[PDB]
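Asker: So I've got this experimental structure, pasted below with the sequence.
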Amino acid sequence: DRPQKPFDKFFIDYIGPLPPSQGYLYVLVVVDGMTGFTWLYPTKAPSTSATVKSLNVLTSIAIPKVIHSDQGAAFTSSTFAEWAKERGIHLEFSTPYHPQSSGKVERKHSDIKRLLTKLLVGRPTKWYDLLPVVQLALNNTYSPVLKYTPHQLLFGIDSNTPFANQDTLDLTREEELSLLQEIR
Amino acid sequence: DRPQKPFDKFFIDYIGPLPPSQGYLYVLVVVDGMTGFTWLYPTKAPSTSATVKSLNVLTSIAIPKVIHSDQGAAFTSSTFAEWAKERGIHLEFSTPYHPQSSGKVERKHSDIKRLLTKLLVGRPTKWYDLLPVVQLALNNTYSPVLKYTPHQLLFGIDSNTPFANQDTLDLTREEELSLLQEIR
Amino acid sequence: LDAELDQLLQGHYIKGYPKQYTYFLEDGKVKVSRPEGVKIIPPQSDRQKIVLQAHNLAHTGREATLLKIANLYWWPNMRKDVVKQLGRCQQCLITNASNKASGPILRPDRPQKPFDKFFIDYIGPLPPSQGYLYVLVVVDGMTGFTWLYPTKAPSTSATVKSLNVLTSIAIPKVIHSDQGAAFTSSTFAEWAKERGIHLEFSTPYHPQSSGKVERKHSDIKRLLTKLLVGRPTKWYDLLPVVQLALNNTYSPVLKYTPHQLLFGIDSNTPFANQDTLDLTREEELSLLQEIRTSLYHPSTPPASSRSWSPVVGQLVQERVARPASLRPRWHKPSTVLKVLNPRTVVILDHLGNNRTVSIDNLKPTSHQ
Amino acid sequence: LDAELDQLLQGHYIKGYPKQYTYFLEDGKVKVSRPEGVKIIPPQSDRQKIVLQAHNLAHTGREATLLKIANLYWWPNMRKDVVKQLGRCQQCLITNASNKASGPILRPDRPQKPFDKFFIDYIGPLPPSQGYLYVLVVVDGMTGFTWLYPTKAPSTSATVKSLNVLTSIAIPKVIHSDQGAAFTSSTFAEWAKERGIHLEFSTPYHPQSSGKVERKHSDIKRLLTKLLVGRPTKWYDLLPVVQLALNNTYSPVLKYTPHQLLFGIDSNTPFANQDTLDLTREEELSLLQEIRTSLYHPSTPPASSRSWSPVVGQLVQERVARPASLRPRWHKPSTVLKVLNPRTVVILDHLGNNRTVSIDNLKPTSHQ
DNA sequence: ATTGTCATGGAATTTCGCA
DNA sequence: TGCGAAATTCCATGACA
DNA sequence: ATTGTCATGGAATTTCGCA
DNA sequence: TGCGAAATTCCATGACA
Ligand SMILES: CCN1C[C@H](C)n2c(c(O)c3c(=O)n(Cc4ccc(F)c(Cl)c4)nc(C(=O)NC)c32)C1=O
Ligand SMILES: CCN1C[C@H](C)n2c(c(O)c3c(=O)n(Cc4ccc(F)c(Cl)c4)nc(C(=O)NC)c32)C1=O
Ligand SMILES: [Mg+2]
Ligand SMILES: [Mg+2]
Ligand SMILES: [Mg+2]
Ligand SMILES: [Mg+2]
Ligand SMILES: [N+]
Ligand SMILES: [N+]
Ligand SMILES: [Zn+2]
Ligand SMILES: [Zn+2]
């Protein structure tokens, strides 16, 4: 069996609803399987259309052999199937209620949910602008399993923004009480 | 004494009033002494101003060492003197009532008066357009005294419009009776 | 197609397929073990569709198209099939740029006499001066003597007025001009025919052909510029001064002023030459005829290493004159009917009209 | 002046005036019998006014000015007095054209890593498409990988939006651009400083300096053209396809696609290269680092026979950028302060400001 | 205080296939 | 160790306003 | 059925002035 | 029949949209 490579598999997924930000409510999450590299796209809905619009931007840069998702409606639609077929992309679904990825992807996906939550408190409404810096952080984050960041695995070089400051990623007692104020 | 050359002397003079033609009434007549070459300029008046305006067109092509005229007001004005001095042109006047030129110039000047009169009958009003063809005729007209036309003396070549048809230049009995009708 | 590839699988030899390589079957496809790795050999009946797909990714030329194909496939003489497609891609042929230079310019004989040939052309629009916007420039081929006429428009009617004033002095055999509307109008043709003047036209959009008059523009504007430095651009009053100044300027290669070549003697202008004071007019005109025939004449320059020159029946394309944004710079292919000279041809366009065209506005269609 | 010319008349010898010619008086003027004929020798105190009169007839250069003077006068070393005047004629110096070529171009080292240097620039206006008129083009120096962003204007604000989307992927060390308003605004500078990006600017009006991105324009427009043949110019929807098509096109000299240089492996696109299927990612990235260092690098071409190269303290003139009709094409003379490299200099302008300028937009002021 | 570049497609040169 | 032809490399030309 | 041209100003080469 | 310097000629460069 040939070794895993970038572009072999993109794991795609939606996160939201979120507090409105410049009229956007969701984030399409794309993670490369082999490298753990992550693309984020803001959308207004988890629809086949917003998904196609978004992946059209991504696929003008790199095309995956396989997209893997859960059985969300956007991904199981027959439109989305046509889109994928047009591009020679094989679609892959995880069984209902039993989402499988890889350890790397599950961990990455966790870091995203955690990293977002940390910065959306005190400014639940200004995440749209933060997306670029979120991704930079995520992609310049050191991997325990391999010696290298996703940036290094994708491009074969050091980045010019090394996030040498590993962060708490935990909520401080200030932020915990402030987040329980927003829900109210 | 050095031999006579083109541009050594321009003999200038006015002819008119004539019947109005495109609002013009006179003709400034310029004849080169040595070659017998002739320039014609239509004017609205025999004034220093129309003269200066006209010779400005001529003198942007060739500048005479000497202009010779009779004592017409236009030529004796102190404006006209300034104009000539600015250009390093020496002015020369014939004594009053006794106009001297040269044989060549007197004959040429006669041909002009005669040639004009011939074509201004039956169309006393359309001479403005005829000026170009008058000059061509005059300058491609064979000289008895020298073997050459003025064109040939000016440029050292044959012309592309040889007026090989020497013309009557006399009024026919038709034109004589028609001219005595116009005066009426 | 499928026939050829069978014989090949069972060890037999087919022309083009070198026998020292192992040709097998795998995944239902004929493959081969080449130094670069293992490539598929598609059946002949498939090869054209493959090349076309490769070429169409970005409409690439020979090698870049080959490099895509070579990633997956091998077959004998791939580039021949690549080149075949490039010659049939209408989009590539009318869009790409030529990479062949024109052959070396001609240096036509200087007309033999003043008034043999007139070169004319407009400059403008210039800034308004006295309500004037253009200049008619007339240059006698033999002497370089120049006449300047201000106009409100580059029109026939203003060209006629101006030329009537000039032709008062002499009529020329030929008037050469570009194909600007003013010169191509029938009103103008009539005006010429009336006076026994033959009109000669430059090949379209090729001002080098009017080079004699074109080159004078640069001197005219250059002198107008120097004179108007620090003042507003009131040029109308300067045309006469400019005309006179230029016509009496020495050309260092010729050692004569255009006025001198025209008249054989300076008029009353500053620093007038006095060398022929003691000669008769007739002696002077004799020495002039001599000067006129022994003037320097430049020769054709050497061809550049990658020039092309037209051949009867060759596929060539005319440059689009005023191409719109994102539109091809070249017309569809056409055929060379006659080779008027090594730098001029007549082409049949596909419409098909006859057009006389400069070699500079042509490329030889690629890939035959 | 009058002193020198006295000694001369009475047979004595003065330096410069060859003794084998007969110097006399006539009409109250010192004359001489030269092979060419008899010329006046004006007193030294007169000579400057003579040269100036001759030169001013048409603002002629050396020889044509000499030929007028030589018609009436002779004195020793005439051309030295002619050249002296030409160097002091402000009108000639700011109007005439240079006749010296720039020295041969530099071929700067290819940046060493993806994201070391970005070259950016706008194309447009294009025909309206979806309300868009311009394109932001971003080219990574090392890979040639290209990003295309449609905009309504070549503005800072649209540049910022676009670069925020791109910098999501990676931040570059340097962004090189021309001096278009969008890139020189302080709003842009802040945006760069914020992200630790250093802005590098091309010398003004010298797009060769942005050559990497400039050259990509031609391919972009060329592909847009081929695709839009026979259809209306709806380009907006094509930008993504174009970007992808180009980034995966082989450069025949390099033998790699820009995507390959960026990632070390083809994505799922047609004719993807499969040569590294059996290597680990790590093995692949190792072979990539190797490819990246051994890419072809062109060398400086030979100088043309009449090139000039700048020297500290030399009088030079800057080309006027957008010269108005009938106005000089050159600024007043300025002085070279530093020679940054053989093709780039800093000049003090007369105002006097410091300006960093391309050698291509300079001429060395004539006649010292 | 910065700096030309590179697709194209015939021609030139090298390598291949075979002996 | 040398042939004819295919493959590869060379590189001038032109175009990014 | 038509076609580049020529001012410019350093460099190269020739001629001059004198012996 | 030869030197140093002045004069003349050569000619690449750029610009006529
Ligand atoms: C409409 C009829 N028409 C056709 C074209 C428009 N044209 C006309 C002109 O007078 C000129 C002109 O002077 N130049 C300047 C130029 C450029 C390069 C050169 F070598 C030379 Cl000797 C002159 N260019 C063009 C032109 O063809 N531009 C693309 C031109 C003309 O009247
Ligand atoms: C206003 C800031 N600004 C300054 C000038 C206007 N500029 C800018 C550009 O992007 C370009 C451009 O792309 N090209 C085309 C071109 C021409 C020859 C070449 F070699 C290459 Cl490499 C490119 N030309 C110019 C220009 O300088 N024309 C005179 C230009 C720019 O943005
Ligand atoms: Mg024209
Ligand atoms: Mg023109
Ligand atoms: Mg720009
Ligand atoms: Mg540009
Ligand atoms: N000819
Ligand atoms: N460099
Ligand atoms: Zn194509
Ligand atoms: Zn001047």
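Answerer: Cool, got the structure. Numbering: from 1, shown residues only, chains lettered A, B, ... in the order given. Ligands and ions are numbered 1, 2, ... in the order given.

Asker: Spell out which residues of chain C are next to DNA strand F.
Answerer: C:63, C:66, C:70, C:76-80, C:97-102, C:304-307, C:329 (Cβ under 7 Å from any atom of the strand). From N, CA and C alone the C-beta is placed, and that goes for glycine too.

Asker: Whichever of the residues you listed end up buried, select them in ChimeraX.
Answerer: Selection of buried members from those for ChimeraX, criterion 16 or more other Cβ atoms under 10 Å in any protein chain shown:
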select /C:66,70,78,98,102,329
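
Asker: now, which of the residues of chain C next to DNA strand F lie within helices?
Answerer: Of those, the ones assigned to helices by DSSP state H are C:63, C:66, C:70, C:78-80.

Asker: and the end-to-end length of stretch C:88-103?
Answerer: Taking Cα to Cα, to the nearest Å as the measure, stretch C:88-103 stretches 27 Å from start to finish.

Asker: Then stretch A:72-80?
Answerer: In stretch A:72-80, first residue to last residue: 11 Å (Cα to Cα).

Asker: Could you list the buried residues of stretch C:102-119?
Answerer: Buried positions in stretch C:102-119, judged by neighbour count with 16+ other Cβ under 10 Å: C:102-104, C:110-111, C:113-119.

Asker: can you tell if the longest strand seen in chain C touches DNA strand G?
Answerer: The longest strand of chain C (DSSP state E) is strand C:330-341. Yes. With Cβ under 7 Å from any atom of the strand as the criterion, DNA strand G is reached by strand C:330-341 at C:337-338, C:340-341.

Asker: who does that strand touch, helix- and strand-wise?
Answerer: helix C:90-95, strand C:315-319, strand C:344-348, strand C:354-358 (3 or more Cβ pairs under 8 Å, 6 or more residues apart in numbering or on different chains; DSSP states H and E).

Asker: before we move on, back to that, just the closest of the buried residues of stretch C:102-119 to ligand 9, please.
Answerer: Ranked by distance to ligand 9 (Cβ to the ion), the buried residues of stretch C:102-119 are led by residue C:102 at 25.0 Å.

Asker: Just give me the residue closest to the centre of chain A.
Answerer: Nearest to the mean C-alpha position of chain A, counting by Cα atoms, centre = their mean, stands residue A:29 at 2.7 Å.

Asker: Residue A:40 is in contact with that residue, correct?
Answerer: Yes. Applying Cβ atoms under 8 Å as the test, residue A:29 and residue A:40 come out as touching, 6.2 Å apart.

Asker: list residues touching both of those two?
Answerer: Jointly contacting residue A:29 and residue A:40 under the rule Cβ atoms under 8 Å, 6 or more residues apart in numbering or on different chains are residue A:112.

Asker: wait, isn't residue A:8 in contact with residue A:35?
Answerer: No. Between residue A:8 and residue A:35 there is no contact under Cβ under 8 Å: 9.6 Å.

Asker: more neighbours, those two?
Answerer: Regarding residue A:8 and residue A:35, a neighbour count based on other Cβ atoms under 10 Å in any protein chain shown identifies residue A:35 as having more, with 26 against 18.

Asker: how much space between the residue in chain A that chain C sits nearest to and residue A:65?
Answerer: Residue nearest to chain C within chain A: residue A:88 (12.3 Å; Cβ to the nearest Cβ). Per Cβ to Cβ, to the nearest Å, residue A:88 is found 8 Å from residue A:65.

Asker: Next, show the common contact partners of the two.
Answerer: Residues touching both residue A:88 and residue A:65 (Cβ under 8 Å, 6+ apart): residue D:268.
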